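Participant: Just dropping this structure here.
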Amino acid sequence: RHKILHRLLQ
Amino acid sequence: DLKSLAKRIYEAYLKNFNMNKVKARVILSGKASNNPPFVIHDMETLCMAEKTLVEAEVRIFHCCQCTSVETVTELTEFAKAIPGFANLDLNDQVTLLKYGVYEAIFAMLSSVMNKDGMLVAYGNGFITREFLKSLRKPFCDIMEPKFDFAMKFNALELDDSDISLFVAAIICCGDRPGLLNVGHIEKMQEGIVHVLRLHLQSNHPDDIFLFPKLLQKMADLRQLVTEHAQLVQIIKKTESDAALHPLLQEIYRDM
Amino acid sequence: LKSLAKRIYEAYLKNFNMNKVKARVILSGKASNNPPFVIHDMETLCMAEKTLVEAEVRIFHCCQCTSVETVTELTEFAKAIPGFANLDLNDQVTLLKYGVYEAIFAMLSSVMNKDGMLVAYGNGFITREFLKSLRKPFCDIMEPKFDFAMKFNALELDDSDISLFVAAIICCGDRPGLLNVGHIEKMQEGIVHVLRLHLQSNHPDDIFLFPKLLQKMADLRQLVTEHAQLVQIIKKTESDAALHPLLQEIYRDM
Ligand SMILES: CC[C@@H](Oc1cccc(CN(CCCOc2ccc(OC)cc2)c2nc3ccccc3o2)c1)C(=O)O
Ligand SMILES: CC[C@@H](Oc1cccc(CN(CCCOc2ccc(OC)cc2)c2nc3ccccc3o2)c1)C(=O)O
């Protein structure tokens, strides 16, 4: 899942 | 190859973390090159620095959180500069950093600590280790353990060029749960750790067995985090008044 | 300089958490209060996981811990061997890279008996049978070190002997990549001279002990090589079982 980490690593 | 890797990692570390050991050492046990750092001892000294640069306990718990969130952001950027990290499965990039960040934070947190207290508010504040001990339970148990670890770690006398390489090694760590292509990370770590050794030997000829001493602390950091993780759930459930920035609440869920 | 033995012995007692005396007492020793927790079934392993901090991988990971501690204790032990400080930095590193796992497997014998080995600072005892039991190839980690241990424990060495041996293992001029080879061979001669003189005065009964012992430094070389390969293969076979980066580095190019 991890909505925010996904966001910071794109 | 490894010529760049060390230096590329170091550049990444200088680019993304505004507080570094050199900046922090100057400010600590320095004179007043312009202004020395505002000291926070009594609760009077805390408040008189809450409009200057920003219950009493919960103001601290919230302020800690804020810099953790900034640092996780700096760490996600730092990570994307580690050669090969970008190319990993995004899912893995995320797993590595979830478990990674608070180990990386407590290592780097050592750089602003000395035996008597720690730098806060980007080097403008200095909050005394004694005042933090002073706090009502369980807020007193937050920093002290990180101090204990710091004094041992600062004892190694590392420079930012060393710390950068170590934090990379901490992040790229294929024994985190839930990784898919474990292999591509283990190779990534081998390279980072080889360089870490070679670097320590040429840069600390005085202490040739620094590399082994350092790496046995990767274990102590895991412990320190776990112990932190428990104490955070307890503060989250002790005070309904002091909850957790959703990023931190997300790195913590199931750890 | 008849104290060289004693200085090395002091260094050996100062740096290593477990030694033969501590281990012999705990093994076949009365419950001074409580005897050491036995690990047979997979239930008995788990029962001791959170007690003092998959199934096969828990073992592979746990082993790693004490290896890592011991490398560090060994780098300190090494800096107490007279003349070691003065060696070329580069050589100090080469001697210890090849040295440590030999010194580990020698000292690992001191916690072993025919039935199992002491772990977790003397509080655990994990049965040789349970370790055989493990899924291939994890069963082939410990058994060979047991085989070696039984033969080595047979020599009946005391810690004062073992200290001198481990020093002799470390200061070893036939490691690959040594520069000042000569100044090490001198350093070994001194340590090994003392080792023999010590064995003659301490074990007058067994006057073939010094030669018997020496031919074990060879078996240890083998045992390590065989270990080193088996570990790389488990690291690369199982995505589930990683290797502490220190160990992965002491193994790199060996
Ligand atoms: C929610 C619980 C929280 O715990 C901790 C525990 C330890 C460290 C942190 C993050 N941190 C502490 C500064 C905040 O401390 C004050 C104190 C007083 C103050 O006065 C206004 C302002 C700030 C920090 N500093 C750093 C400097 C360099 C590198 C990394 C650093 O990490 C948070 C967490 O888990 O995130
Ligand atoms: C990954 C491969 C790994 O192989 C080995 C192989 C043999 C020995 C070791 C190191 N060793 C740990 C054995 C117990 O390890 C546990 C600990 C707890 C436990 O409970 C779950 C089970 C096993 C040990 N060295 C000692 C030196 C002196 C005295 C005692 C010692 O003991 C590692 C390596 O290369 O590091």
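Note that chain C carries Swiss-Prot numbering, so the residues on display, from first to last, are 203-255, 267-467.
Quick reminder: no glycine exception, Cβ is built from N, Cα and C everywhere.
Per Swiss-Prot, the features are:
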type: BINDING; residues: C:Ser280, C:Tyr314, C:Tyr464; note: indeglitazar binding site
type: REGION; residues: C:304-433; note: region 'Required for heterodimerization with RXRA'
type: SITE; residues: C:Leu433; note: site 'Essential for heterodimerization with RXRA'
Participant: Please name which of the binding-site residues listed here, C:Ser280, C:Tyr314, C:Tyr464, is nearest in space to C:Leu433 (site 'Essential for heterodimerization with RXRA'), Cα against Cα.
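Facilitator: Closest candidate to C:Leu433 (site 'Essential for heterodimerization with RXRA'), judged by Cα separation, is C:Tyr314.
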Participant: Please list, for the region 'Required for heterodimerization with RXRA' (C:304-433), how many residues fall into helix, strand and coil according to DSSP.
Facilitator: 92 helix, 10 strand, 28 coil
Participant: In the deposited model, 11 residues lying between C:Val255 and C:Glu267 are absent; what is the Cα-Cα distance separating these two residues, in Å, to the nearest whole number?
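Facilitator: Cα-Cα distance across the unmodelled segment: 18 Å.
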Participant: Listed binding-site residues: C:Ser280, C:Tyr314, C:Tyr464. Which have a CB under 6 angstroms from an atom of ligand 2?
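Facilitator: Cβ under 6 Å from ligand 2: C:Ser280.
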Participant: Rounding to the nearest whole angstrom, report the longest C-alpha distance spanning C:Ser280, C:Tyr314, C:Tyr464, listed for indeglitazar.
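Facilitator: Farthest-apart Cα atoms in C:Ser280, C:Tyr314, C:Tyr464 are separated by 12 Å.
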Participant: Can you name every residue in this chain, apart from C:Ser280, C:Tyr314, C:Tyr464, with its Cβ inside 8 Å of the center of the Cβ atoms of the recorded indeglitazar site?
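Facilitator: These residues sit around the indeglitazar site: C:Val284, C:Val313, C:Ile317, C:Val437, C:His440, C:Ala441, C:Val444, C:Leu460, C:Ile463.
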Participant: Across all the protein chains here, work out how many other Cβ atoms are within 10 Å of the Cβ of C:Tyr314 (indeglitazar binding site).
Facilitator: 27
Participant: According to DSSP, collapsed to three classes, what secondary structure does C:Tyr464 (indeglitazar binding site) have?
Facilitator: helix
Participant: Sequence gap of 6 or more, C-beta under 8 Å: which same-chain residues meet both conditions with respect to C:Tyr464 (indeglitazar binding site)?
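Facilitator: Those within reach of C:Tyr464 (indeglitazar binding site), by Cβ under 8 Å and sequence separation of 6 or more, are C:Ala441, C:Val444, C:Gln445, C:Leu456.
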Participant: Have a look at the recorded positions (C:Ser280, C:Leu433) and report the one with the fewest Cβ neighbours inside 10 Å.
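Facilitator: The recorded positions C:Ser280, C:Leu433 were compared, and C:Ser280 has the fewest Cβ atoms within 10 Å.
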